[PDB]
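Chains A and B, in that order, give the protein sequences.
Quick note, the first sequence lines up with residues 4 to 146, 152 to 492 if you use the authors' numbering.
Quick note, the second sequence lines up with residues 4 to 146, 152 to 492 if you use the authors' numbering.
Protein chains: 2
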Amino acid sequence: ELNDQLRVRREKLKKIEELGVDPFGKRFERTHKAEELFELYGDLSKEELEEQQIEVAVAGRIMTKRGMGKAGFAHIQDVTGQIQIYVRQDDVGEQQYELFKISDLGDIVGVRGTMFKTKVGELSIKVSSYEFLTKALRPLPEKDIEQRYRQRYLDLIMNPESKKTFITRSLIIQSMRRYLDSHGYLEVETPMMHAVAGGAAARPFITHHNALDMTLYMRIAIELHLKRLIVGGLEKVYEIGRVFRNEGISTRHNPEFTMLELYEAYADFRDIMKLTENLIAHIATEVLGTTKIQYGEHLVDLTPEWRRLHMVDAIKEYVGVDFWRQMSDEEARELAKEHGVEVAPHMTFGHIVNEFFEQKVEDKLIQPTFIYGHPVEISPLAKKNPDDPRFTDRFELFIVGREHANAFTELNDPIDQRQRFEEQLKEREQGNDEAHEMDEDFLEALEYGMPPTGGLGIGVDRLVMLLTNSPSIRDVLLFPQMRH
Amino acid sequence: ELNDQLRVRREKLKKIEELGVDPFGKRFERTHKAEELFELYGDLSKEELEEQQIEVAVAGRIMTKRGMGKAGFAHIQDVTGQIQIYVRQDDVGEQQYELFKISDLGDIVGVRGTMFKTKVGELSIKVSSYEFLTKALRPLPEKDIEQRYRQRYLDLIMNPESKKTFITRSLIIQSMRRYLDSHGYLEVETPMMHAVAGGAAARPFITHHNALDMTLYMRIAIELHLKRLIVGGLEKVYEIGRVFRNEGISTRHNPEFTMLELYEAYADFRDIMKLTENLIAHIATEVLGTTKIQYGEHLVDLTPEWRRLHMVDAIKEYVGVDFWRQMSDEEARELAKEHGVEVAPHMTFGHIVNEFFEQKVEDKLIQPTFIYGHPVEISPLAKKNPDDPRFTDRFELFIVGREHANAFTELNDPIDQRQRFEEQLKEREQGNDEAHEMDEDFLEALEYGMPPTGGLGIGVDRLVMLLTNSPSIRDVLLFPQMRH
Ligand SMILES: Nc1ncnc2c1ncn2[C@@H]1O[C@H](COP(=O)(O)OP(=O)(O)OP(=O)(O)OP(=O)(O)OC[C@H]2O[C@@H](n3cnc4c(N)ncnc43)[C@H](O)[C@@H]2O)[C@@H](O)[C@H]1O
Ligand SMILES: Nc1ncnc2c1ncn2[C@@H]1O[C@H](COP(=O)(O)OP(=O)(O)OP(=O)(O)OP(=O)(O)OC[C@H]2O[C@@H](n3cnc4c(N)ncnc43)[C@H](O)[C@@H]2O)[C@@H](O)[C@H]1O
Ligand SMILES: NC(=O)[C@@H](N)CCCC[NH3+]
Ligand SMILES: NC(=O)[C@@H](N)CCCC[NH3+]
Ligand SMILES: [Mg+2]
Ligand SMILES: [Mg+2]
Ligand SMILES: [Mg+2]
Ligand SMILES: [Mg+2]
Ligand SMILES: [Mg+2]
Ligand SMILES: [Mg+2]
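Structure, rendered in structure tokens:
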């Protein structure tokens, strides 16, 4: 097992050093990637290749190897795929051949040679120069799901498919910045360490600054500092960055994740709905070529315009209870009991409406849907709806049964905002340890005047999951948080 | 007094509501920015303007106001600048004119009207519709440095040159990603919360995950996880993200900053030198239009190729001391005493060489200089130079007397690497509380084989300071860390 093959690999390490070669290599110049070779010469016949003597230089990890006396084959793998190499002793010389023979699966090498096809028609490289680049002290794993996440590098090597999800992830984010940049939004960087962790309902990670002897909280949202920039007059700003929440992991939750937050002065949540469907459609179109995608067993149509549905109307359609009716908190609690909806001590009418939605409705929303009108009690930073103040002009985007975005007509009334924070502090006294805390610096900012604004927050990891048909967030994160 | 002004603004808020207006506004559609207006017709005589009746719609903060009677003026400011508005009671009507009259400096408004020039020919908007958008409860500052950092929004409103710095910052980062993307590097996101804080010599911020009951350290570098991706076979990766160091602030230090870390398989530190100068020169050319820049009292030429200077040769040129000669630790300590170079208990020849450089040489490196050959003792993750192993194939980029980048031919030998960490542990016991920790997970990764690689780390904030002629990092960070 270990120390077994391990001792052998250490032994070969010394043998290589004794042959006057650096077992960990120097720089190496390549001319092609494996895939490029196939694209360019894959359809040429054995004869055509012999007549063109195309010389190339490539490098990669040895994945397979078969020795045959004075000559041998091996498949080396680079970031684009595998290419077979053929090494003959009489061609590369005794010294280089000795290096080929001592080479192990896992070792990394560089080669120069001419393109040719074997009798089975496999495009290969007839090696003229064999360069040893790096000795692998451990063998490639036996070719479990957890190892893929615990040791991502092994996943990337053994499951060539896996890298594609991450390449696509980069294209998704680049497409996102392209759209926002071209539409006038300024990409900014605001603090990730806050005096007060606000902007969302979540438990924060607490830390300490030694030199300044100060308690800091990793940000649970980007909202409050971006709003300060709107007060500052920047008008259109966005930030795609890490957010941290001290909470358990799930197929859709990781303690550190990437969120897009953006704010636009002079817009309201209806404008943000349009921006959201356009942005996501733009991304899907550029990256996948279409807005009609497959996710799990669902055919999801991301083609704008998406469905708009008030949360109360959603509960009426999917459950049957009509919360448009003015009722007491006690009446709402009774309904919750009758319909199997779990509620907490601090909850009143608004919280209960939301619980009805989350527990009995949201998982049925497969096609992109803008659920709007969130009760005021759970929307401390959103402006109340003018017609019915029990609700706010806020919406959440639901796709394949989960929330992908959250946005609102931002609350810019400082007096109302202070009141919302006071109500949140009261909720905390009643058991809601996720309630928003007071932020006087933020209220001060609002007092200098924040224009009417439309704000948006998108879970980038979740969007990447949707567009790559990944069932878990652990599949779109290179190094997801692992349990002890 | 200020207290008096607050009461007044508080009462005006009530009078506006009494006028049936939402004092915090609704969405407002605009057609132009203040600067666009001047660009499109800042020279068009009042005649043509009067004939064309060019209707426009803008919005912004009232910075100045003047006039009495049934006609008045005001200068509103948007993200691009200021534009004078002319409001006449006989045009907008009684109710709207009353709103104009009650409007305070600081309040935000939207207007629709036609372009025109006053007697003095000042481009202005002849208002046809006056929309009150937001009441400022606090007065704008009457037209302190640290105060501008504490309330960045006030700075952005009162000082237009500051906002430009941040717009330029975004352009610099955009230009950086374009270059890297176009040169084949894959943009990735790796963990910011680590089991073991490694990749640099620095004190970490410590935190705790409750549900997992796990101690986590905010990353002090991005290196170790990116190296895992190189083992993973990704070949070219980069990440521009936040890094956290539990240390005091300075003219070029903030507890959380942005760093670019990049790794390229099959390249060495010389290749990285070229990449670094080409990248920075590219960004300068794109953003400033030239590689000739000004920083403080210095004229800095960023045109490649930059000077390459070995640390030992730099000390010889500036201090008159030669460290190429083989010498004992005591001989080095003797030289340190003679030249007034402070040293710590855990220091030997290698550390002392670096102390000579940092204490007597670095501040004089104004023009871009690649200082290379750092002693192995202070380079635990860099490969030793083949000809003189007392030094490593590492370089730091110095410009205007400070370090902007750190890079090396990566140490891919797992056996050597473990030994480097062991020597680091020894130093920690000798008083070096910034010594690197023993990362078994990282060592395991190298044991599967990491190809020869060239790595780079650039302080983005410092690069932004350089290209925006900002004397402090506090000038290029929207919200720099404030003291208590
Ligand atoms: N820790 C947990 N473990 C298991 N189940 C849990 C759970 N927390 C909640 N659930 C369950 O998931 C369902 C919905 O819960 P909700 O609490 O209503 O929604 P959420 O998934 O927690 O996102 P959040 O409400 O915080 O979004 P936010 O606007 O702040 O932020 C904006 C966007 O950021 C993204 N986002 C938020 N948190 C994220 C995370 N930790 N990881 C990745 N993305 C995240 C999302 O796209 C979100 O729309 C319910 O069944 C609930 O019980
Ligand atoms: N906190 C402090 N306050 C006052 N004086 C101090 C100080 N720390 C050091 N000094 C003094 O500055 C001079 C040089 O000290 P050094 O310790 O050699 O320089 P450094 O600025 O600390 O860069 P470092 O070595 O940590 O960067 P790294 O490659 O790891 O990482 C790669 C790149 O990241 C950037 N970077 C590193 N730390 C940063 C930070 N905290 N903020 C912004 N950028 C940073 C840089 O561009 C660096 O090249 C000496 O006089 C020293 O005493
Ligand atoms: N929940 C959150 O993280 C919010 N800060 C996302 C943005 C909502 C609209 N302002
Ligand atoms: N000291 C640091 O932060 C290094 N991780 C910067 C990169 C050096 C080259 N690998
Ligand atoms: Mg949550
Ligand atoms: Mg939610
Ligand atoms: Mg949400
Ligand atoms: Mg430092
Ligand atoms: Mg240094
Ligand atoms: Mg440095």
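Each residue gets a CB set at the ideal place from its N, CA and C atoms; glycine is no exception.
Handout entry: CB contact check: residue 178/A to chain B, cutoff 9 Å
Key = Closer than 9 Å: yes.
>> Comparing C-alpha positions only, which one of 98/A, 459/A, 463/A and 450/A sits nearest to residue 232/A?
In response: With distances taken between Cα atoms, residue 232/A lies closest to 450/A.
(request) May I have the straight-line CA-CA distance separating residue 236/B from residue 73/A, to the nearest angstrom? (result) Between residue 236/B and residue 73/A, the C-alpha separation is close to 36 Å.
*Does any heavy atom of ligand 5 sit closer than 8 Å to the C-beta of residue 210/A?*
Yes; taking the cut-off as 8 Å, the Cβ of residue 210/A has a heavy atom of ligand 5 nearer than that.
Item to complete: Residues of the stretch 394-418 of chain B with a CB closer than 9 Å to any CB of chain A: list them in chain order, please.
Response: Cβ contacts with chain A come from 394 and 417.
*asked:* For the stretch 280-313 of chain A, list every residue whose C-beta sits within 9 Å of some C-beta in chain B, in sequence order.
replied: Cβ contacts with chain B come from no residue of the stretch 280-313 of chain A.
Start and end of the alpha helix (DSSP H) containing residue 163/A? For residue 163/A, the enclosing alpha helix (DSSP H) starts and ends at 160-166.
Quick check on residue 286/A: does DSSP put it in helix, strand or coil? Taken through DSSP and simplified to helix, strand or coil, residue 286/A comes out as helix.
(request) Using the Cα positions of residue 106/A and residue 70/A, report the straight-line distance between them to the nearest angstrom. (result) So the two alpha carbons sit approximately 11 Å from each other.
When you compare only the Cα positions, how much space is there between residue 407/B and residue 471/A? Approximately 41 Å between the Cα atoms of the pair.
Check: Within 10 angstroms of its Cβ, does residue 337/A collect 16 or more other Cβ (buried), or is it exposed?
Finding: Label assigned to residue 337/A: exposed.
Notebook entry, point to check: In whole angstroms, what separates the C-alpha of residue 207/B from that of residue 402/A?
Noted result: Each residue's Cα considered, the two are about 43 Å apart.
Is the Cβ-Cβ distance between residue 174/A and residue 196/B less than 9 Å?
Their beta carbons are under 9 Å apart, which means residue 174/A touches residue 196/B by this criterion.
Using the Cβ count rule (16 or more neighbours within 10 Å means buried), how would you classify residue 491/A? Residue 491/A should be labelled exposed.
*asked:* Considering only heavy atoms of ligand 10 and the C-beta of each residue, which residues fall inside 6 Å, strictly closer?
replied: Going along the chain, the residues that qualify are 404/B, 411/B and 414/B.
Problem - Collapsed DSSP secondary structure at residue 80/B in the structure displayed - result: If DSSP states are grouped into helix, strand and coil, residue 80/B belongs with the strands.
Please indicate yes or no: does the CB of residue 193/A lie closer than 8 Å to some heavy atom of ligand 3? Placement of the Cβ of residue 193/A at a distance of 8 Å or more from every heavy atom of ligand 3 is found.
Item to check | Whole-number beta carbon distance between residue 416/A and residue 463/A, since they are thought to touch under 8 Å | outcome: With 8 Å as the limit, residue 463/A and residue 416/A qualify as a contact, their Cβ atoms being about 6 Å apart.
Next item on the list: Kindly indicate if chain A contains any beta-carbon less than 9 Å away from that of residue 355/B.
Entry: Taking 9 Å as the threshold, the shortest C-beta distance from residue 355/B to chain A does not fall below it.
Residue 127/A - DSSP class collapsed to helix/strand/coil: Residue state, collapsed to three classes: strand.
Chain B residues whose Cβ lies nearer than 9 Å to that of residue 110/A: Within chain B, the residues near residue 110/A are 457.
Nearest to residue 397/A by CA position, among 388/A, 249/A, 283/A and 383/A, is which residue?
Nearest of 388/A, 249/A, 283/A and 383/A to residue 397/A, Cα basis: 383/A.
Starting from the C-beta of residue 488/B, find all residues in its chain whose C-beta is less than 6 Å away, skip the five residues before and the five after it, and write them out in chain order.
So the list reads 157, 262 and 482, once near-sequence residues are dropped.
Give the straight-line distance between the Cα atoms of residue 271/A and residue 466/A, rounded to the nearest whole angstrom.
Answer to the nearest angstrom: the Cα atoms are 12 Å apart.
Query raised in the report: Got a sec: which bits of the stretch 20-39 of chain A sit with their beta carbon under 7 Å from any beta carbon on chain B, in order along the chain?
Result: Against chain B - using a Cβ distance shorter than 7 Å - the residues of the stretch 20-39 of chain A are 27, 28, 29, 30, 31 and 33.
- Apart from the five residues on each side of it in sequence, which residues of its chain come closer than 7 Å, Cβ to Cβ, to residue 286/A? Result list for residue 286/A: 312, in chain order.
**Prompt:** Quick one, which of 68/A, 431/A, 179/A and 139/A has its alpha-carbon nearest residue 162/A's?
**Reply:** Looking at the Cα atoms, 139/A is the closest of the given residues.
Ligand 8 heavy atom lying under 8 Å from the CB of residue 482/B:
Answer for residue 482/B: no, Cβ out of range of ligand 8.
Please list, in chain order, the chain A residues whose beta carbon lies closer than 7 Å to that of residue 255/B.
Residues of chain A passing the Cβ test: 219.
- is_contact[residue 113/A, chain B] using C-beta, thresh 9 Å: Output row for residue 113/A: interface = yes.
task = Can you say whether residue 205/B is buried or exposed, counting buried as having 16 or more other CB atoms within 10 angstroms of its CB?
result = Here residue 205/B is buried, its C-beta having at least 16 other C-beta atoms within 10 Å.
**Message:** Rounded to the nearest angstrom, what separates residue 84/A and residue 144/A at their Cα positions?
**Reply:** Approximately 19 Å, taken between the alpha carbons.
Delimiting residues of the alpha helix (DSSP H) encompassing residue 99/B:
Residue 99/B -> alpha helix (DSSP H) spans 97-105.
Margin query: Are there any heavy atoms of ligand 3 lying less than 8 Å away from the beta-carbon of residue 443/A, as far as the coordinates show?
Written below: No, the Cβ of residue 443/A stays beyond 8 Å of every heavy atom of ligand 3.
### Query
What are the residues that DSSP puts in a beta bridge with residue 422/A?
Partner residues in a beta bridge of residue 422/A, as assigned by DSSP, do not exist.
| message | Quick check on the burial criterion: 16 or more other C-beta atoms within 10 angstroms. Buried or exposed for residue 127/A? | response | Result: buried.
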